[PDB]
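The numbers in PDB author numbering rise by one with no breaks, and the one at position 33 of the sequence shown is 31. Every residue, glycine too, gets a C-beta built ideally from N, C-alpha and C.
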Amino acid sequence: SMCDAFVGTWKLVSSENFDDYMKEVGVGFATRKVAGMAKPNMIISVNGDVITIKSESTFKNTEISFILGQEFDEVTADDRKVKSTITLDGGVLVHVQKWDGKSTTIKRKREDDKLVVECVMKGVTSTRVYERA
Ligand SMILES: O=C(O)c1ccccc1-c1c2ccc(=O)cc-2oc2cc(O)ccc12
Ligand SMILES: O=C(O)c1ccccc1-c1c2ccc(=O)cc-2oc2cc(O)ccc12
């Protein structure tokens, strides 16, 4: 399917304005500095209708499994317990995280041989680029 373009192993190669985006999300100082340093590997896989996104770094190891359009519980190292929904909108994986009446969007798009990640929170944008690993 269309998810196959996202499937594979990805390595973080560039990050821009991630600290200012995490500040705007409400991420604490210690967690921002820890997350800001990490150069994660990201494994995106598909099994039936279930999408798995595994991240691996010196900071942590995370795993989320989900069905497109089906809301799920996601864990974060901040004062936020989030309800997330991931949908596929015209080739773009749109990840909406909602907590305490607020929301942030993480968009992933395929550009050349890269996975371009756009994170938006109340006008503050961070761009992160991954390459195939
Ligand atoms: O994938 C990202 O780069 C990302 C962008 C905005 C907010 C969080 C992340 C992020 C993750 C988002 C979803 C997920 O399933 C796993 C993530 O893992 C990350 C690991 C990091 O070191 C650092 C960042 C992440
Ligand atoms: O919140 C975390 O556990 C975390 C810790 C280290 C590196 C990245 C994250 C991180 C996420 C990790 C996994 C995940 O599924 C979602 C994450 O979302 C984040 C969002 C932030 O604003 C800021 C950070 C994250």
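Review point. What is the residue span of the alpha helix (DSSP H) that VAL32 lies within?
Key: 27 to 35
Review point. Out of curiosity, what's the CA-to-CA distance linking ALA36 and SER(-1)?
Key: Using only the alpha carbons, I get a separation of about 31 Å.
**Study point:** beta strand (DSSP E) runs wholly inside the region 53 to 85, at least 3 long, in chain order
**Key:** 59 to 65, 70 to 72
**Study point:** Beta-carbon proximity list for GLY34, same chain, < 7 Å, skipping 5 on both sides
**Key:** Hits under 7 Å: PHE16, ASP17.
**Study point:** Status (buried if at least 16 other CB within 10 Å, exposed otherwise) for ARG106
**Key:** buried
Check your understanding: To the nearest whole angstrom, what separates the beta carbons of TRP97 and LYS79, a pair I think is in contact under 8 Å?
Key -> 6 Å
Point to revise | Of the residues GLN68, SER124, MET40, the one placed nearest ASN59, counting alpha carbons only | key: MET40
Practice item. Report buried or exposed for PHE70, applying the criterion of at least 16 other Cβ atoms within 10 angstroms of its Cβ. Key: exposed
Review point. When burial is assigned at 16 or more other CB atoms within 10 Å of the CB, is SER12 buried or exposed?
Key: exposed
Review point. Which class does residue 164 belong to by DSSP, given the choice of helix, strand or coil?
Key: Outside the shown range of the chain, which is -1 to 131, sits residue 164, and nothing can be said about it.
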